[PDB]
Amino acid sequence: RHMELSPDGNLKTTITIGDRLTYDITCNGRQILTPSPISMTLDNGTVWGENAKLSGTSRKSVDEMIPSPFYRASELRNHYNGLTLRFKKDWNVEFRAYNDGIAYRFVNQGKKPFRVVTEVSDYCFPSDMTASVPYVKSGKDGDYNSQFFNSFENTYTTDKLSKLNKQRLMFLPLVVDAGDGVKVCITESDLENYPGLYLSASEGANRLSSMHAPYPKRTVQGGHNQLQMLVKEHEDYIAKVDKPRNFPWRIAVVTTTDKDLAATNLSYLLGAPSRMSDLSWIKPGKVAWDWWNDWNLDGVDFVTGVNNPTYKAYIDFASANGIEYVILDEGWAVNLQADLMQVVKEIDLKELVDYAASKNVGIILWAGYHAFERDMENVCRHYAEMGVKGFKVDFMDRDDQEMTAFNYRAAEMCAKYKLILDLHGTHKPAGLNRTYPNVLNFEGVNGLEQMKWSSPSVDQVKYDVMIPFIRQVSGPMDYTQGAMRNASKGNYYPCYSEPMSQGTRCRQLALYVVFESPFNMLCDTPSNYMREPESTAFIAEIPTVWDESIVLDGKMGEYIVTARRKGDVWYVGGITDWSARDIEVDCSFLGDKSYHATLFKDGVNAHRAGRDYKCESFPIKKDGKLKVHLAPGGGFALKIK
């Protein structure tokens, strides 16, 4: 029995080494997590955790700053008390107690190669608490191998642990409401070459249990235009290990106010350190995206589509407003060939890249999984040398050891040729952006692309106020916002070629502050942006990377207000759910000089016409108390310079 407390002493975990290896969690004297078992089963029969044999322990207290480029601040504070448990048989379990979380990880110091059959990571709660979880969207109930093949894109289901579907997996992160304002957010970081952790309500009462996708023994090409490698057969173990190594951290974020949940840096702090020395070539920025708006420009003299004159228009729009990139989404490579070297007749990559270059615009290429990793080294070298700045690799739809290994290999391969990377059709970041700073964004989020086909029952507005406290806890999101067509309550309808967002114009603007996206999209058509000078100017100028971030206030699934600083310029964004609300922005975070503010707030009719907004300018200072009204599904965006 070993105790460890957070630096402020209000969060503690008791670890017991008995017939089972368990750890609980107590917050301000209240037990929010009952003793929960953890273990790893090897192919040789060994089971770390079962009647474990303790050989030694070492404690430590650390307080330092971790550099965090292309993220929410220049650096993040790493403050905790660590407890490492060494066990007879060359294996350890490291425990850390931060003021906002308890985390642990298995460490393999053994020198002999072996395999992991299964891993146990239970979360036993003292009562039937209300959980907010993202179910795996595909597959059928009970057929877990059917579920392992998924996009990791889904809204949240909020219900009591006892009422959760006991036959459907839940991916991370997820939250459990411990009551009395306390929240527990479960996630994992440093997910390199190891299967992703799913949670299940299939076992016991008030208990979430883990499960991992088995190792693949036979994969076949197929899926989305033959760009996917489906797992047809799997091994009887989840992971291969042939060197000493740290295993992924299992993180239990614990907060007493929702704003601390949205602000927690645990995911990044627990990611494997950066393996990059030179970062001067990594350029974060925005994209005059093409796909979301379906190339649907109007007011032009040529037929739009995946062709040269269309991308020239996107490049010109981007350049005209200082926007950094233009992505050539799915369509530039001959379909079904899964060959990145076969460009369509209508596209002249070389001409586009060079034209873009003369306009100070970088080019990013979209690539389906298989077509990219089948000849990765050659692809990265070839396009890097012709001028391409990076890739958007999509449709992995897997998180078994081989795929998670891929994420890091691609990250490294891109880094080698000075290319940035954006991963789609993937799972939560889990620290990868710290290890390889060139991976500027990750999907694994039910983004605005869903508005192209979702039925009105999909509550995007509600989702927006959920993810800042859940999915974003794991890392950056490529949500792809920026819609100029805005639907107030009941006016939304899926429109593939002329999509809209739910809520108001200012909600869209606020997301550029509320959501963290180093590589950020301007989802709408340049045509729509040019019809909206004021909105476009605000979006084009706002940073995607920051020096300092402060979540001013918030309640999960209800609202959030966040202030971020870039140099000496401050930005504040706020959003609400379908309920209108009045927020007060205390500007005590400002410096001493006199500032000029530019505010975008919902128009007085934003509740009936979502596009309705009002722009205002006025002087403001450190003592200012800005009162702002947010319409239903609305929000506000503020610039203080």
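In this text, residue numbers run from 1 along the sequence as written.
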Return whichever of 487 to 495 and 402 to 410 has the greater mean Cα B factor according to the PDB record.
402 to 410
Regarding 32 to 40 and 66 to 74, which shows the higher C-alpha temperature factor on average in the entry?
32 to 40
Of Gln221, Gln472, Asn265, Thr158, which one's C-alpha B factor is largest in the deposited record?
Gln221
I'd like to know which of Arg507, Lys389, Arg434, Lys350 has the highest C-alpha temperature factor in the PDB entry.
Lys350
Taking the chain's C-alpha temperature factors as the reference, tell me which third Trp48 falls into: lowest, middle or highest.
highest
State the tercile, meaning the lowest, middle or highest third, of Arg581 with respect to the CA B-factors recorded for its chain.
middle
By the entry's values, the third containing the CA B factor of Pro244 is the highest
Among modelled residues of the same chain, the CA temperature factor third for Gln460:
lowest
By the record's CA B-factor, is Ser58 among the lowest, middle or highest third of residues in the chain?
highest
